[PDB]
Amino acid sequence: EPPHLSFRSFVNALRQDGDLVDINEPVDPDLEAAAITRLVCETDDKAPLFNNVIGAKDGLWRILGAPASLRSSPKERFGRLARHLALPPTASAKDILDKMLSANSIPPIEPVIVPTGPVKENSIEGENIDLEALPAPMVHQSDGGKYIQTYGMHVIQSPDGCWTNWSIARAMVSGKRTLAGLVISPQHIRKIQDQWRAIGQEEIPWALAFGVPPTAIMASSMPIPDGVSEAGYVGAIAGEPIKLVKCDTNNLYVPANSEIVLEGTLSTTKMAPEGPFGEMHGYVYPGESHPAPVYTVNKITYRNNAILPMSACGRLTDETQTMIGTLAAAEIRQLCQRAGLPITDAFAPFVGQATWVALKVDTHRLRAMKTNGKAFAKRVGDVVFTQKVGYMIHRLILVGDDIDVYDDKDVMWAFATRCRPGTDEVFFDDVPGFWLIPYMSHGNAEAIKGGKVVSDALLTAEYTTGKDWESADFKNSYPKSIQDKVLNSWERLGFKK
């Protein structure tokens, strides 16, 4: 099976790219695995595969760190993400996002059922399960527990049986058979939890699959619409069905080649302390746990030589910045197009720590509307900031089509020189606010409301008669003849390549 359809194939693809380190020396899942992974993420190095995890018993488990973090080589920067999606390792961030959006406007390719698969090679059931005895990583020294769940897919189905949601949400070991995990509004796992609560179901059938087909974990991190099952979306991206096997102890379906599956229930009543956790914005608050829902684990099934993927998230650059903001950006672009706004492209610049999205404006179309930045910024915010796909994003930066939104430097240049502070901004005090951002939960105003802005970084004339400047840069301030004469003589004269 190809790398995009098998986590095991994906690991072999990273090994063939020279993008993986096999660590055969013993590594402690108590901080050491996470510390190596963190330094890989901070230096854009090769993905670490921990083949010798201290305390690993009965084939549980190896750990892969930094599954979707960046490569240092500029030409292959997004290569680990491209290997999730059958793209070449030289794929741009735009190629990745265009691919994830491609299933927006084709029929779903429905999953197919198989009677067994590698995920059924081993099992532990009922009283034999002790999650406290498994080598679950301590991901940050001040975390409130061992975060087993940083890169698995939660599988949960609506009461009408029509909607099977796949999503990533963190969870830590809580007890011998229990996890505690974030189940927050407006995420689909919480929307589905509340539907079961409302009809009186105490224990909701649930599964958590680790080392899923790479296309599936990408869809799990994407805010595709309410009531759309990720399985068919994934099939449409991959151009063929995901093969699913039924769980042994409930009626849910998991990918047949998953590394590890937990089967059990999500409670609508039982709560337990969850966190703290070193989260996507780069912060942990020692001692600050909050009640979260309890997951009960009734069976574990796993592959021989099982691998648990691990995101050691925090400061730049890990899966929380390469997947969460970027895939929200892709969905915000599509919402803006839906609403008839002249947006061609969107990206979440890494410098914004997954709180910023830059929206590229088709300025020809914009001039036909005969509007102004003040009116346009308000309309963009009113569309985006009252939708789930805009929940985590606190600053939208509107830029003209001379700016590459995929280049942090271009976006920051437009922001700093085209958006007059206060004057060119529209502030949103009444929309849902992402409480995980420190300036929200640990700030000066309501933790769950407001703190958003649309920054108009189009110059005044872009709305009326058009661009009337030239960049003072090599590309735009010198004629083609002069540029070519320089580039042809560059190395001969003594400059670097």
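In case it trips you up, residue 1 is the first one in the sequence shown, and so on.
Of the two segments examined, 5-13 and 484-492, it is 484-492 that shows the higher average Cα temperature factor in the deposited entry. Between the stretches 106-114 and 327-335, it is 106-114 that shows the larger average CA temperature factor. Per the deposited record, 76 carries the highest C-alpha B-factor of all listed residues (143, 76, 424, 319). Going by the entry's values, 128 shows the largest Cα B-factor out of 150, 157, 128, 193.
Residue-level temperature factors show residue 223 in the middle third of its chain, judged at the C-alpha atom. In this PDB entry, the Cα temperature factor of residue 281 sits in the bottom third of its chain's modelled residues, the lowest group. Residue 447: CA B factor lies in the middle third for its chain, per the PDB record. For residue 91, the recorded CA B-factor ranks within the highest third of the chain. Only modelled residues enter the ranking. Residue 237: CA B factor in the highest third of modelled residues in this chain (values from the PDB entry).
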